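This document starts with one chain, in the form deposited in one PDB entry, laid out as structure tokens.
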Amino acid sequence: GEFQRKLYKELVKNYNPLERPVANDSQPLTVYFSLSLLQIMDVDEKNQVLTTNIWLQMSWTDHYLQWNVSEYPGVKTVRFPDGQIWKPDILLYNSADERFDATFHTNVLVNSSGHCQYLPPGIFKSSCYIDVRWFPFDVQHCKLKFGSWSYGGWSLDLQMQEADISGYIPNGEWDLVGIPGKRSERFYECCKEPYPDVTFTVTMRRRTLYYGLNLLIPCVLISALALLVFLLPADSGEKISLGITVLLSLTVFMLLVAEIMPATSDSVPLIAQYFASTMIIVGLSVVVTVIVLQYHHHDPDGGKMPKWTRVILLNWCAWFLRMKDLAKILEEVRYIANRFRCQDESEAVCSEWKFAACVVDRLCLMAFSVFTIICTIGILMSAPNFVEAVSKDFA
């Protein structure tokens, strides 16, 4: 138009984009700063970073960009691109990014009274420490610290406004708890002036539905599958063909677990020690079934059945469980009969040994069950906010 052309020609005359737009040079310039969170992109525990989508919001006042609306009855606001007017240098301090800015400087909008507003959108990669002591049941607090790079507290004083969580697009893996802000001042013992900054604390909680279905339940159908070796009669020629195949079927289960657990060496995750306990129990279940077949396959005429074995394994532990010419012909037939009687005696001795083996089997069955139940309950229930997680997530 005819009027905005001359307005734009007049506004930028004798304008310096390097000076602070204040009328006295001794008074601070109040800048209002706010943030808007759009979505949480990633939380990386390897490099300890947090990738989020954020729109900043900055507002201030300019003194050399004022005009009278009556003289220009067609224009009420103007817009200036990057590098033509003064803008605050507020930027993220952590900024664990390659280019360190990720801001995409957009246009700046100015009213007829000089009130300037500037909001750039971006994807921010902050650096926060991640604690993974309780890997599945985890709650994290990360920080975003904003401030001016080269302005003091008597030139550019930051002010804080509440964030905006409208339109959050929930992640589906991390449950956002909150994001409060706080403004702080840091004095230095050379200047006696403040250096304000504004920090926002994102607090979030991990969802434990995928891990409780794809990791836990699979490994409780295998830990309890080993115990069947204590209910299988030893007469069948397959007692380690089942005991050693459950261990191999679970060793291949750790190939899809190692792609989930973290690689940090600071602490031992809860799921790691749970899986270690399952490993140890399944491995130790195979040791016992070798001390049972030694009892079952004992030589009839190569042992003595020690008295202690007969008392412990047949009287005490078996009552708790509630188990319970003519002369030559005569000589030849007598020989055959004696042979048969000797075989019968050997069979009786073998039967005693087999009963001892069965008693051992039931004794070993009765204890591994309580062991695995106690371990499974205690390891999982030791973590805090476990009841909170199972109430919010499953139910």
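Rigid core (definition): largest C-alpha set, two forms, superposition within 1.5 Å. Each residue number is its position in the shown sequence, starting from 1.
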For this session: Check the entry and tell me how many residues of the deposited sequence have no coordinates between residue 324 and residue 325: none, 1 to 3, 4 to 9, or 10 or more.
Result: 10 or more
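As for the form deposited in another entry, it is not shown, yet the points below apply to it.
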For this session: Using a core superposition, identify the member of 90, 163, 160, 292 whose Cα displacement between this form and the one not shown reaches 2 Å or more.
Result: 292
Exercise. 2 Å or more on the CA of residue 269 between this form and the one not shown, with the rigid core superposed, yes or no?
Worked result: yes
Problem set entry | Threshold 2 Å Cα movement between this form and the one not shown at residue 239, rigid core reference | yes
Exercise. Residue 111: with the rigid core matched between this form and the one not shown, does its Cα shift 2 Å or more?
Worked result: no
